[PDB]
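Visitor: Structure file protein-v1.csv (CSV, C-alpha atoms and all ligand atoms) right here:
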```csv
chain,number,residue,atom,x,y,z
D,1,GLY,CA,0.0,0.0,0.0
D,2,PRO,CA,0.9,3.7,0.2
D,3,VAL,CA,3.8,4.9,2.4
D,4,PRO,CA,2.7,6.8,5.5
D,5,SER,CA,3.4,10.5,6.0
D,6,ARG,CA,3.3,12.9,8.9
D,7,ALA,CA,3.2,16.7,9.0
D,8,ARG,CA,6.7,17.9,9.9
D,9,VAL,CA,5.3,20.8,11.9
D,10,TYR,CA,2.5,20.9,14.5
D,11,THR,CA,2.3,17.2,14.1
D,12,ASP,CA,0.7,16.3,17.5
D,13,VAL,CA,-0.9,19.5,18.7
D,14,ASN,CA,-4.5,18.1,18.6
D,15,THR,CA,-3.5,15.0,20.6
D,16,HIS,CA,-2.3,17.2,23.5
D,17,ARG,CA,-5.6,19.2,23.5
D,18,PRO,CA,-8.7,18.2,25.5
D,19,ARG,CA,-10.8,15.9,23.5
D,20,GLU,CA,-13.6,18.6,23.2
D,21,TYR,CA,-11.2,20.8,21.2
D,22,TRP,CA,-11.3,18.5,18.1
D,23,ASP,CA,-14.1,16.1,18.8
D,24,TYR,CA,-16.6,18.5,17.1
D,25,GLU,CA,-19.2,15.8,16.6
D,26,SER,CA,-20.2,16.2,20.2
D,27,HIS,CA,-20.0,20.0,20.2
D,28,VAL,CA,-23.4,21.4,21.4
D,29,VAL,CA,-24.5,24.4,19.3
D,30,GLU,CA,-26.7,27.2,20.8
D,31,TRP,CA,-28.9,28.3,17.9
D,32,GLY,CA,-29.9,31.9,18.1
D,33,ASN,CA,-32.7,33.6,16.1
D,34,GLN,CA,-32.0,35.0,12.6
D,35,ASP,CA,-34.7,37.7,13.3
D,36,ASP,CA,-31.8,39.7,15.0
D,37,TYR,CA,-30.6,40.3,11.5
D,38,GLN,CA,-32.3,41.8,8.5
D,39,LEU,CA,-31.0,40.6,5.1
D,40,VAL,CA,-30.0,43.5,2.8
D,41,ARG,CA,-28.7,41.8,-0.4
D,42,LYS,CA,-27.1,38.7,-1.9
D,43,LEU,CA,-23.3,38.7,-2.0
D,44,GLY,CA,-22.6,35.3,-3.5
D,45,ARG,CA,-23.7,31.7,-3.8
D,46,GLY,CA,-21.6,28.5,-3.6
D,47,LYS,CA,-21.9,24.7,-3.5
D,48,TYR,CA,-22.4,24.9,0.3
D,49,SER,CA,-23.9,28.3,1.0
D,50,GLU,CA,-25.6,31.5,0.1
D,51,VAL,CA,-24.0,34.6,1.5
D,52,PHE,CA,-25.9,37.8,2.3
D,53,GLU,CA,-25.1,41.3,3.5
D,54,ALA,CA,-27.3,41.9,6.6
D,55,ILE,CA,-27.9,44.5,9.4
D,56,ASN,CA,-27.8,43.6,13.0
D,57,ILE,CA,-30.9,45.5,14.1
D,58,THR,CA,-29.8,45.9,17.7
D,59,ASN,CA,-26.9,48.2,16.9
D,60,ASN,CA,-27.2,48.9,13.1
D,61,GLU,CA,-23.9,47.1,12.4
D,62,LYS,CA,-23.3,45.8,9.0
D,63,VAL,CA,-22.8,42.0,9.1
D,64,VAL,CA,-22.6,38.9,6.8
D,65,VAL,CA,-25.0,35.9,7.0
D,66,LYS,CA,-24.0,32.6,5.4
D,67,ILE,CA,-27.1,30.4,5.0
D,68,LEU,CA,-25.8,26.8,4.9
D,69,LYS,CA,-27.1,24.5,2.2
D,70,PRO,CA,-28.1,21.1,3.6
D,71,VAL,CA,-24.9,19.3,4.6
D,72,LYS,CA,-24.5,16.5,7.2
D,73,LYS,CA,-25.1,18.1,10.6
D,74,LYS,CA,-21.5,16.9,11.4
D,75,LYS,CA,-20.0,19.3,8.8
D,76,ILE,CA,-21.8,22.3,10.3
D,77,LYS,CA,-20.6,21.4,13.8
D,78,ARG,CA,-17.1,21.0,12.3
D,79,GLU,CA,-17.1,24.5,10.8
D,80,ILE,CA,-18.5,26.2,13.9
D,81,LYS,CA,-16.0,24.5,16.2
D,82,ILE,CA,-13.1,25.4,13.9
D,83,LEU,CA,-14.4,29.0,13.7
D,84,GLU,CA,-14.8,29.1,17.5
D,85,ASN,CA,-11.3,27.6,18.1
D,86,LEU,CA,-9.7,30.2,15.8
D,87,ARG,CA,-11.5,33.2,17.1
D,88,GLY,CA,-9.3,36.2,17.6
D,89,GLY,CA,-6.5,34.7,15.5
D,90,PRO,CA,-4.5,36.9,13.1
D,91,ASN,CA,-6.4,37.7,9.9
D,92,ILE,CA,-9.0,35.0,10.5
D,93,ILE,CA,-12.6,36.0,9.8
D,94,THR,CA,-14.6,36.4,13.0
D,95,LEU,CA,-17.7,34.3,13.6
D,96,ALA,CA,-20.2,36.7,15.3
D,97,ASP,CA,-23.3,34.6,15.8
D,98,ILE,CA,-25.0,31.2,15.0
D,99,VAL,CA,-28.7,31.4,14.1
D,100,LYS,CA,-31.6,29.5,12.6
D,101,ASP,CA,-34.4,31.2,10.6
D,102,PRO,CA,-37.4,30.6,12.9
D,103,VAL,CA,-39.7,29.5,10.0
D,104,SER,CA,-37.5,27.5,7.7
D,105,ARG,CA,-35.3,26.2,10.6
D,106,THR,CA,-32.2,26.1,8.4
D,107,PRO,CA,-28.9,26.9,10.0
D,108,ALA,CA,-26.8,29.9,9.2
D,109,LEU,CA,-23.6,31.6,10.4
D,110,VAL,CA,-23.2,35.3,11.0
D,111,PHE,CA,-19.7,36.8,10.2
D,112,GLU,CA,-18.0,40.1,10.6
D,113,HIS,CA,-18.3,42.3,7.5
D,114,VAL,CA,-15.2,43.3,5.5
D,115,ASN,CA,-15.4,46.4,3.2
D,116,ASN,CA,-13.9,44.8,0.2
D,117,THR,CA,-12.2,46.8,-2.6
D,118,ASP,CA,-12.8,46.9,-6.4
D,119,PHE,CA,-10.7,43.8,-7.1
D,120,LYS,CA,-10.9,44.6,-10.9
D,121,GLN,CA,-9.1,47.9,-10.1
D,122,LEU,CA,-6.9,46.2,-7.5
D,123,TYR,CA,-5.3,43.7,-9.9
D,124,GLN,CA,-4.6,46.4,-12.5
D,125,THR,CA,-2.7,48.6,-10.1
D,126,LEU,CA,-1.0,45.9,-7.9
D,127,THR,CA,2.5,46.7,-6.9
D,128,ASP,CA,5.3,44.3,-6.1
D,129,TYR,CA,4.9,45.5,-2.5
D,130,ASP,CA,1.2,44.9,-2.4
D,131,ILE,CA,1.7,41.2,-3.4
D,132,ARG,CA,4.4,40.8,-0.7
D,133,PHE,CA,2.3,42.6,1.9
D,134,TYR,CA,-0.8,40.5,1.5
D,135,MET,CA,1.0,37.2,1.0
D,136,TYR,CA,2.6,37.9,4.4
D,137,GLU,CA,-0.8,38.5,5.9
D,138,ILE,CA,-2.3,35.3,4.4
D,139,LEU,CA,0.7,33.4,5.9
D,140,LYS,CA,0.0,34.8,9.3
D,141,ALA,CA,-3.5,33.3,9.1
D,142,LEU,CA,-2.2,30.0,7.8
D,143,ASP,CA,0.6,29.6,10.3
D,144,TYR,CA,-1.9,30.3,13.1
D,145,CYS,CA,-4.5,27.9,12.1
D,146,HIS,CA,-1.8,25.3,11.3
D,147,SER,CA,-0.4,25.8,14.8
D,148,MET,CA,-3.9,25.3,16.1
D,149,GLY,CA,-4.1,21.9,14.5
D,150,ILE,CA,-6.3,23.0,11.6
D,151,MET,CA,-5.9,22.8,7.8
D,152,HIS,CA,-7.9,25.3,5.7
D,153,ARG,CA,-8.0,23.1,2.6
D,154,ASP,CA,-9.7,25.7,0.4
D,155,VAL,CA,-7.2,28.5,0.0
D,156,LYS,CA,-8.0,30.5,-3.1
D,157,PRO,CA,-8.6,34.1,-4.1
D,158,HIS,CA,-12.4,34.0,-3.5
D,159,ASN,CA,-11.6,33.2,0.2
D,160,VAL,CA,-9.4,36.3,0.8
D,161,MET,CA,-11.1,39.5,1.8
D,162,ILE,CA,-9.1,42.6,1.5
D,163,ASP,CA,-10.1,46.1,2.7
D,164,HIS,CA,-7.3,47.9,0.9
D,165,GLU,CA,-8.1,51.4,2.3
D,166,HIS,CA,-7.2,49.9,5.7
D,167,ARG,CA,-4.7,47.2,4.5
D,168,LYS,CA,-6.9,44.6,6.2
D,169,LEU,CA,-7.1,41.0,5.1
D,170,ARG,CA,-9.4,38.1,6.3
D,171,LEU,CA,-9.3,34.4,5.4
D,172,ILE,CA,-12.9,33.2,5.0
D,173,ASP,CA,-14.9,30.0,4.3
D,174,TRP,CA,-13.8,27.4,6.8
D,175,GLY,CA,-16.5,25.0,5.7
D,176,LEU,CA,-13.9,22.6,4.3
D,177,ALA,CA,-11.4,23.1,7.1
D,178,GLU,CA,-10.4,20.0,9.0
D,179,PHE,CA,-8.5,19.0,12.1
D,180,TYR,CA,-5.0,17.5,11.5
D,181,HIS,CA,-4.4,14.1,13.1
D,182,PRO,CA,-1.2,12.1,12.5
D,183,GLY,CA,-2.0,9.1,10.2
D,184,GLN,CA,-5.5,10.1,9.3
D,185,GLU,CA,-6.6,9.6,5.7
D,186,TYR,CA,-8.6,12.6,4.4
D,187,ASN,CA,-11.0,13.2,1.6
D,188,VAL,CA,-9.2,14.3,-1.5
D,189,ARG,CA,-12.4,15.8,-3.0
D,190,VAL,CA,-11.7,19.2,-1.4
D,191,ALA,CA,-10.6,22.6,-2.6
D,192,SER,CA,-11.1,24.0,-6.1
D,193,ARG,CA,-9.4,22.4,-9.2
D,194,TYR,CA,-7.0,25.1,-10.0
D,195,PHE,CA,-5.6,25.1,-6.4
D,196,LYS,CA,-5.6,21.3,-5.7
D,197,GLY,CA,-2.3,20.0,-4.6
D,198,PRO,CA,-0.8,17.0,-6.4
D,199,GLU,CA,-1.6,14.9,-3.4
D,200,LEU,CA,-5.3,15.4,-4.0
D,201,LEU,CA,-5.0,14.7,-7.8
D,202,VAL,CA,-3.2,11.3,-7.3
D,203,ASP,CA,-5.4,10.2,-4.4
D,204,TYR,CA,-2.8,10.4,-1.7
D,205,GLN,CA,-4.9,10.7,1.4
D,206,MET,CA,-2.5,11.1,4.3
D,207,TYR,CA,-1.8,14.8,3.6
D,208,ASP,CA,-1.5,17.6,6.0
D,209,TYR,CA,-1.1,21.4,6.4
D,210,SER,CA,1.3,21.6,3.5
D,211,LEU,CA,-1.7,21.3,1.2
D,212,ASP,CA,-2.5,24.9,2.0
D,213,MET,CA,1.0,25.9,1.0
D,214,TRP,CA,0.6,24.5,-2.5
D,215,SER,CA,-2.6,26.4,-2.8
D,216,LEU,CA,-0.8,29.6,-1.7
D,217,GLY,CA,1.8,28.9,-4.4
D,218,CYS,CA,-0.9,28.8,-7.1
D,219,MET,CA,-2.1,32.2,-5.9
D,220,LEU,CA,1.4,33.6,-5.9
D,221,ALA,CA,2.1,32.3,-9.5
D,222,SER,CA,-1.1,33.8,-10.9
D,223,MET,CA,-0.5,37.2,-9.3
D,224,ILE,CA,3.1,37.8,-10.2
D,225,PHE,CA,2.8,36.3,-13.7
D,226,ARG,CA,-0.7,37.9,-14.3
D,227,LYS,CA,-2.1,34.6,-15.5
D,228,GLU,CA,-5.2,33.4,-13.7
D,229,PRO,CA,-5.5,30.6,-12.9
D,230,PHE,CA,-1.9,29.6,-13.2
D,231,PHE,CA,-2.6,25.9,-13.9
D,232,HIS,CA,-5.9,26.0,-15.9
D,233,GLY,CA,-7.0,22.4,-16.2
D,234,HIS,CA,-10.2,21.1,-17.9
D,235,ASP,CA,-10.8,18.4,-15.2
D,236,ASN,CA,-9.0,16.8,-12.3
D,237,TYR,CA,-6.8,14.6,-14.5
D,238,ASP,CA,-5.9,17.4,-17.0
D,239,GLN,CA,-5.1,19.4,-13.9
D,240,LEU,CA,-2.1,17.2,-13.1
D,241,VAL,CA,-1.1,17.3,-16.8
D,242,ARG,CA,-1.0,21.1,-16.6
D,243,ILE,CA,1.2,20.9,-13.5
D,244,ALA,CA,3.4,18.3,-15.2
D,245,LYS,CA,4.1,20.5,-18.1
D,246,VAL,CA,5.7,23.0,-15.7
D,247,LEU,CA,7.2,21.1,-12.8
D,248,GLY,CA,8.2,18.3,-15.1
D,249,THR,CA,7.5,14.6,-15.0
D,250,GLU,CA,10.7,13.4,-13.5
D,251,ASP,CA,9.9,14.5,-9.9
D,252,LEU,CA,6.3,13.6,-10.3
D,253,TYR,CA,7.4,10.0,-10.9
D,254,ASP,CA,9.9,10.2,-8.1
D,255,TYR,CA,7.0,11.4,-5.9
D,256,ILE,CA,4.9,8.5,-7.0
D,257,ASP,CA,7.7,6.0,-6.4
D,258,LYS,CA,8.6,7.6,-3.0
D,259,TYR,CA,5.1,7.3,-1.5
D,260,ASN,CA,4.2,4.1,-3.5
D,261,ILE,CA,1.1,5.8,-5.0
D,262,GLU,CA,-1.0,3.6,-7.3
D,263,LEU,CA,-1.5,6.0,-10.2
D,264,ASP,CA,-4.9,5.9,-12.0
D,265,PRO,CA,-4.9,3.8,-15.3
D,266,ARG,CA,-6.1,7.1,-16.9
D,267,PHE,CA,-2.9,9.0,-16.2
D,268,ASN,CA,-0.4,6.7,-17.9
D,269,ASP,CA,-1.4,7.8,-21.4
D,270,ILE,CA,-1.7,11.6,-20.8
D,271,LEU,CA,1.1,12.6,-18.4
D,272,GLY,CA,3.8,12.0,-21.1
D,273,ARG,CA,7.4,13.1,-20.6
D,274,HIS,CA,8.0,16.8,-19.8
D,275,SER,CA,11.0,18.8,-18.6
D,276,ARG,CA,10.9,21.0,-15.6
D,277,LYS,CA,10.5,24.5,-16.9
D,278,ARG,CA,12.6,27.5,-15.8
D,279,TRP,CA,10.3,30.2,-14.3
D,280,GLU,CA,11.7,32.8,-16.7
D,281,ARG,CA,9.5,31.2,-19.5
D,282,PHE,CA,6.5,32.8,-17.8
D,283,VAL,CA,7.9,36.4,-17.6
D,284,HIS,CA,7.0,39.0,-20.2
D,285,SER,CA,6.8,42.8,-20.5
D,286,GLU,CA,3.4,43.1,-18.9
D,287,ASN,CA,4.4,41.2,-15.7
D,288,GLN,CA,8.1,41.7,-15.2
D,289,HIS,CA,7.5,44.5,-12.7
D,290,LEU,CA,6.2,42.0,-10.2
D,291,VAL,CA,8.9,39.2,-10.9
D,292,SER,CA,12.2,39.2,-9.1
D,293,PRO,CA,14.8,36.6,-8.1
D,294,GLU,CA,13.3,36.4,-4.6
D,295,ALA,CA,9.8,36.1,-5.9
D,296,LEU,CA,10.8,33.2,-8.1
D,297,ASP,CA,12.9,31.5,-5.4
D,298,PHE,CA,9.9,31.7,-3.0
D,299,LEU,CA,7.4,30.5,-5.6
D,300,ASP,CA,9.6,27.5,-6.6
D,301,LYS,CA,9.9,26.5,-2.9
D,302,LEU,CA,6.1,26.4,-2.6
D,303,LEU,CA,5.2,24.4,-5.8
D,304,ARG,CA,6.7,21.0,-5.0
D,305,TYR,CA,4.9,17.7,-5.8
D,306,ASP,CA,6.3,16.3,-2.5
D,307,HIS,CA,4.1,18.0,0.2
D,308,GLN,CA,6.8,17.3,2.8
D,309,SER,CA,9.5,19.5,1.0
D,310,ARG,CA,7.3,22.6,0.6
D,311,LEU,CA,7.9,25.5,2.9
D,312,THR,CA,5.9,25.6,6.1
D,313,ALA,CA,3.9,28.8,6.7
D,314,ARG,CA,6.5,29.9,9.3
D,315,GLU,CA,9.5,29.1,7.0
D,316,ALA,CA,7.7,31.0,4.2
D,317,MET,CA,7.4,34.1,6.4
D,318,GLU,CA,11.2,34.0,6.9
D,319,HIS,CA,11.9,34.0,3.2
D,320,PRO,CA,13.8,37.1,1.8
D,321,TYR,CA,10.8,37.9,-0.5
D,322,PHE,CA,9.3,39.4,2.7
D,323,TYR,CA,12.3,41.3,4.2
D,324,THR,CA,11.1,44.8,3.4
D,325,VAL,CA,7.5,44.1,4.6
D,326,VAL,CA,8.8,42.6,7.9
D,327,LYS,CA,11.0,45.7,8.3
D,328,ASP,CA,8.1,48.1,7.8
D,329,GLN,CA,6.0,46.2,10.4
D,330,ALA,CA,8.4,47.7,13.0
B,401,LIG,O1,-15.1,39.2,-3.4
B,401,LIG,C1,-14.6,38.1,-3.5
B,401,LIG,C2,-13.3,38.0,-4.3
B,401,LIG,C3,-12.1,37.9,-3.3
B,401,LIG,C4,-10.8,38.3,-3.9
B,401,LIG,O2,-10.5,38.3,-5.1
B,401,LIG,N1,-9.9,38.8,-3.0
B,401,LIG,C5,-8.6,39.2,-3.4
B,401,LIG,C6,-7.7,38.0,-3.6
B,401,LIG,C7,-6.2,38.5,-3.6
B,401,LIG,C8,-5.9,39.7,-4.2
B,401,LIG,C9,-4.6,40.2,-4.1
B,401,LIG,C10,-3.7,39.6,-3.4
B,401,LIG,CL1,-2.1,40.3,-3.1
B,401,LIG,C11,-4.0,38.4,-2.8
B,401,LIG,CL2,-2.8,37.5,-1.9
B,401,LIG,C12,-5.3,37.8,-2.9
B,401,LIG,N2,-15.1,37.0,-3.0
B,401,LIG,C13,-16.2,37.1,-2.1
B,401,LIG,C14,-17.6,36.6,-2.6
B,401,LIG,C15,-18.5,36.0,-1.6
B,401,LIG,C16,-19.3,36.9,-0.7
B,401,LIG,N3,-18.5,37.7,0.2
B,401,LIG,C17,-18.4,37.4,1.5
B,401,LIG,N4,-18.3,36.1,1.9
B,401,LIG,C18,-18.0,35.8,3.2
B,401,LIG,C19,-18.0,34.5,3.5
B,401,LIG,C20,-17.6,34.1,4.8
B,401,LIG,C21,-17.5,32.6,5.2
B,401,LIG,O3,-18.0,31.7,4.4
B,401,LIG,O4,-16.8,32.3,6.2
B,401,LIG,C22,-17.4,35.0,5.8
B,401,LIG,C23,-17.4,36.4,5.5
B,401,LIG,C24,-17.8,36.8,4.2
B,401,LIG,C25,-17.8,38.2,3.8
B,401,LIG,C26,-17.5,39.3,4.7
B,401,LIG,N5,-17.5,40.6,4.3
B,401,LIG,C27,-17.8,40.8,3.0
B,401,LIG,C28,-18.1,39.9,2.1
B,401,LIG,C29,-18.1,38.5,2.4
```
Show me this structure written as structure tokens.

Guide:
Amino acid sequence: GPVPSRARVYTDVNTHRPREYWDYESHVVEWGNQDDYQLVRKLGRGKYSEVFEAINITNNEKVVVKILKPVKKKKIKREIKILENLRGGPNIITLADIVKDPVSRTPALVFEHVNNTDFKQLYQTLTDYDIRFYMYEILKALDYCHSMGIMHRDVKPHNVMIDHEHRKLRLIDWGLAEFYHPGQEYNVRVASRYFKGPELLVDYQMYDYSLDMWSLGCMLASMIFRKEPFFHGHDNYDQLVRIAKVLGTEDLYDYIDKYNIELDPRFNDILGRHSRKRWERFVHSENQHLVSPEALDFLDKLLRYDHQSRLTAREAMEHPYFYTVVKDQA
């Protein structure tokens, strides 16, 4: 069978916690009344949720209401308990209330509101400093939740709020987040295609926090090269082909052989033979102003087949790419 794997940081933090910290299936939820909040308008819809701007009528504060589409009650307790465990952590969205509509009885989460910016205008004026500043802020949120025994598993642009007038960032949607336990085998059908780590695409199930750091590397690559998404695959299998055409196929096959992964019979005939590309091949006149040796060095250290050899959140925050943003934060 497959060769085991353990996270090389924060490996046992959940085992040293009280059982109730991670045993979310027995978390008792106190359901308030959604009639404390008046919905203003729809902000988005997903597989697992519809999200609304709303007003807290008690104090007129703008707020956000996520009405959960019908999932296993388990998964709702999971998201609540993760949100409750991370409350007050750096750049993690704050859960404000837990309610049920009194007529429909369906469960919903109330979150803090973030005054987002025109992202269309943001990505057309992005500076090199902006990318380094907000990458750093996302890393603060990942290192914290990782240190708290929790993988986000759905890191992607849609899940980063930014109030640029206030340089304020929040990591949202913890509905796929999960507790890390050494030796546990997780569902690979998580995250969005363009950000899925190779471990998800080859059905390696004993993955860990390092899955988030792949996803972060996909974000980095699309920003600095102005190509979104960076790996644009038609399906899950063509997703690994897109990656193979860049990271190369020697390395992917060492990865398979190292963890003794049984590769799908579909993949043999489509992965081919491909050289590892030099990152220069994705630089051009319209994106060079965001590319630098340190940027590329940091990106290359995030996008590794082998989850174990990618940078940890904390290692990432010590990379030279962030030297000037760390300085200015003092
Ligand atoms: O607008 C976007 C595009 C997000 C985007 O492109 N960002 C910039 C990426 C980026 C750019 C530059 C850099 Cl340099 C980097 Cl690194 C990254 N997506 C949101 C649509 C859904 C509805 N929005 C709200 N959903 C919530 C969901 C929850 C939850 O489920 O927990 C909690 C709270 C909220 C919430 C709170 N306040 C306001 C709105 C919402």

Visitor: From the set D:173, D:61, D:12, D:203, which residue has the shortest atom-to-atom contact distance to ligand LIG 401 (chain B), counting only C-alpha atoms and all ligand atoms?

Guide: D:173

Visitor: All residues within 8 Å of ligand LIG 401 (chain B) are required, counting all atoms listed in the file; please report them as JSON, numbers by chain.

Guide: {"D": [43, 44, 45, 49, 51, 52, 53, 63, 64, 65, 66, 93, 94, 95, 110, 111, 112, 113, 114, 115, 116, 119, 122, 123, 126, 130, 131, 132, 133, 134, 135, 138, 156, 157, 158, 159, 160, 161, 162, 171, 172, 173, 174, 175, 219, 220, 223]}

Visitor: Keeping only C-alpha atoms, write the selected residues as an mmCIF file, in the frame of the given file.

Guide:
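File produced: selection-v7.cif:
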```cif
data_model
loop_
_atom_site.group_PDB
_atom_site.id
_atom_site.type_symbol
_atom_site.label_atom_id
_atom_site.label_comp_id
_atom_site.auth_asym_id
_atom_site.auth_seq_id
_atom_site.Cartn_x
_atom_site.Cartn_y
_atom_site.Cartn_z
ATOM 1 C CA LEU D 43 -23.300 38.700 -2.000
ATOM 2 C CA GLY D 44 -22.600 35.300 -3.500
ATOM 3 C CA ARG D 45 -23.700 31.700 -3.800
ATOM 4 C CA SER D 49 -23.900 28.300 1.000
ATOM 5 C CA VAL D 51 -24.000 34.600 1.500
ATOM 6 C CA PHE D 52 -25.900 37.800 2.300
ATOM 7 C CA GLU D 53 -25.100 41.300 3.500
ATOM 8 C CA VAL D 63 -22.800 42.000 9.100
ATOM 9 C CA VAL D 64 -22.600 38.900 6.800
ATOM 10 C CA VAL D 65 -25.000 35.900 7.000
ATOM 11 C CA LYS D 66 -24.000 32.600 5.400
ATOM 12 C CA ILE D 93 -12.600 36.000 9.800
ATOM 13 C CA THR D 94 -14.600 36.400 13.000
ATOM 14 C CA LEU D 95 -17.700 34.300 13.600
ATOM 15 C CA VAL D 110 -23.200 35.300 11.000
ATOM 16 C CA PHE D 111 -19.700 36.800 10.200
ATOM 17 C CA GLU D 112 -18.000 40.100 10.600
ATOM 18 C CA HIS D 113 -18.300 42.300 7.500
ATOM 19 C CA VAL D 114 -15.200 43.300 5.500
ATOM 20 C CA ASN D 115 -15.400 46.400 3.200
ATOM 21 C CA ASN D 116 -13.900 44.800 0.200
ATOM 22 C CA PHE D 119 -10.700 43.800 -7.100
ATOM 23 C CA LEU D 122 -6.900 46.200 -7.500
ATOM 24 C CA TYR D 123 -5.300 43.700 -9.900
ATOM 25 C CA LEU D 126 -1.000 45.900 -7.900
ATOM 26 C CA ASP D 130 1.200 44.900 -2.400
ATOM 27 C CA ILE D 131 1.700 41.200 -3.400
ATOM 28 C CA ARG D 132 4.400 40.800 -0.700
ATOM 29 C CA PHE D 133 2.300 42.600 1.900
ATOM 30 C CA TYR D 134 -0.800 40.500 1.500
ATOM 31 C CA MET D 135 1.000 37.200 1.000
ATOM 32 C CA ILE D 138 -2.300 35.300 4.400
ATOM 33 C CA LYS D 156 -8.000 30.500 -3.100
ATOM 34 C CA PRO D 157 -8.600 34.100 -4.100
ATOM 35 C CA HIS D 158 -12.400 34.000 -3.500
ATOM 36 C CA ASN D 159 -11.600 33.200 0.200
ATOM 37 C CA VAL D 160 -9.400 36.300 0.800
ATOM 38 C CA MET D 161 -11.100 39.500 1.800
ATOM 39 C CA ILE D 162 -9.100 42.600 1.500
ATOM 40 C CA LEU D 171 -9.300 34.400 5.400
ATOM 41 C CA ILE D 172 -12.900 33.200 5.000
ATOM 42 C CA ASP D 173 -14.900 30.000 4.300
ATOM 43 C CA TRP D 174 -13.800 27.400 6.800
ATOM 44 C CA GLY D 175 -16.500 25.000 5.700
ATOM 45 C CA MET D 219 -2.100 32.200 -5.900
ATOM 46 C CA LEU D 220 1.400 33.600 -5.900
ATOM 47 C CA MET D 223 -0.500 37.200 -9.300
#
```

Visitor: Any idea what the distance is between atom CA of residue 32 of chain D and atom CA of residue 177 of chain D?

Guide: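 These atoms are spaced 23.3 Å apart.
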
Visitor: Quick one, how far is atom CA of residue 137 of chain D from atom CA of residue 319 of chain D?

Guide: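 Distance between the two atoms: 13.7 Å.
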
Visitor: Using all atoms listed in the file, which protein or nucleic acid residues come within 9 Å of residue 38 of chain D? Drop anything in the same chain fewer than 4 positions from it, and give the result as a list in words.

Guide: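 Close residues of residue 38 of chain D: residues 34, 53, 54, 55, 56 and 57 of chain D.
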
Visitor: When distances are computed from only C-alpha atoms, which of D:186, D:231, D:204, D:267 shows the smallest separation from residue 306 of chain D?

Guide: D:204

Visitor: Nearest to residue 224 of chain D among D:140, D:289, D:47, D:100, with distances taken over all atoms listed in the file: which residue is it?

Guide: D:289

Visitor: Go through D:218, D:67, D:13, D:206 and flag the residue nearest residue 184 of chain D, using only C-alpha atoms for the distances.

Guide: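 Of D:218, D:67, D:13, D:206, the one nearest residue 184 of chain D, counting only C-alpha atoms, is D:206.
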
Visitor: Kindly indicate which residue among D:293, D:149, D:107, D:198 lies nearest to residue 180 of chain D, using all atoms listed in the file for the distances.

Guide: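 The closest residue to residue 180 of chain D is D:149.
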
Visitor: Name the closest residue to residue 97 of chain D among the candidates D:199, D:36, D:128, D:254; distances are taken between atoms, counting all atoms listed in the file.

Guide: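 Comparing D:199, D:36, D:128, D:254 against residue 97 of chain D, the winner is D:36.
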
Visitor: List as a PyMOL selection string the residues having at least one atom at most 6 Å from position (5.9, 31.4, -4.9) as given in the file, counting all atoms listed in the file.

Guide: chain D and resi 217+220+298-300+302

Visitor: Would you mind listing what lies within 8 Å of residue 313 of chain D as a CSV table (one decimal) with C-alpha atoms, in the frame of the given file, with only C-alpha atoms counted and same-chain residues fewer than 5 positions away left out?

Guide:
```csv
chain,number,residue,atom,x,y,z
D,139,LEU,CA,0.7,33.4,5.9
D,140,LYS,CA,0.0,34.8,9.3
D,142,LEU,CA,-2.2,30.0,7.8
D,143,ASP,CA,0.6,29.6,10.3
D,213,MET,CA,1.0,25.9,1.0
```

Visitor: Pick out the residues sitting within 9 Å of residue 278 of chain D, and hand them over as a PDB file with C-alpha atoms, in the coordinates of the input; count all atoms listed in the file, and ignore anything fewer than 4 positions along from it in its own chain.

Guide:
```
ATOM      1  CA  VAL D 246       5.700  23.000 -15.700  1.00  0.00           C
ATOM      2  CA  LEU D 247       7.200  21.100 -12.800  1.00  0.00           C
ATOM      3  CA  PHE D 282       6.500  32.800 -17.800  1.00  0.00           C
TER       4      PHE D 282
END
```

Visitor: May I have the protein, DNA and RNA residues with any atom at most 9 Å from the point (0.3, 1.1, 2.2), counting only C-alpha atoms, written as JSON, numbers by chain?

Guide: {"D": [1, 2, 3, 4, 259, 260, 261]}

Visitor: Include C-alpha atoms and write out the residues we just selected as a CSV table (one decimal), keeping the file's coordinate frame.

Guide:
```csv
chain,number,residue,atom,x,y,z
D,1,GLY,CA,0.0,0.0,0.0
D,2,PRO,CA,0.9,3.7,0.2
D,3,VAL,CA,3.8,4.9,2.4
D,4,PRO,CA,2.7,6.8,5.5
D,259,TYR,CA,5.1,7.3,-1.5
D,260,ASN,CA,4.2,4.1,-3.5
D,261,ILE,CA,1.1,5.8,-5.0
```

Visitor: Residues within 9 Å of residue 82 of chain D, please, as JSON, numbers by chain. Count only C-alpha atoms; anything in the same chain fewer than 4 positions from it doesn't count.

Guide: {"D": [21, 22, 24, 77, 78, 86, 87, 150, 174, 175, 177, 178, 179]}

Visitor: So what do you get for atom CA of residue 183 of chain D versus atom CA of residue 207 of chain D, distance-wise?

Guide: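 We find that atom CA of residue 183 of chain D and atom CA of residue 207 of chain D lie 8.7 Å from each other.
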
Visitor: For residue 264 of chain D, find every residue with an atom within 12 Å (counting all atoms listed in the file), except residues of its own chain fewer than 2 positions away, and show them as a list in words.

Guide: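 Everything that qualifies: residues 201, 202, 203, 204, 236, 237, 240, 256, 261, 262, 266, 267, 268, 269, 270 and 271 of chain D.
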
Visitor: Could the centre and edge lengths of an axis-aligned box, enclosing all atoms of segment 214-230 of chain D in the file with 3 Å extra on each side, be given in Å to one decimal as lines of an AutoDock Vina configuration file?

Guide:
```
center_x = -1.2
center_y = 31.2
center_z = -8.6
size_x = 14.6
size_y = 19.4
size_z = 19.8
```
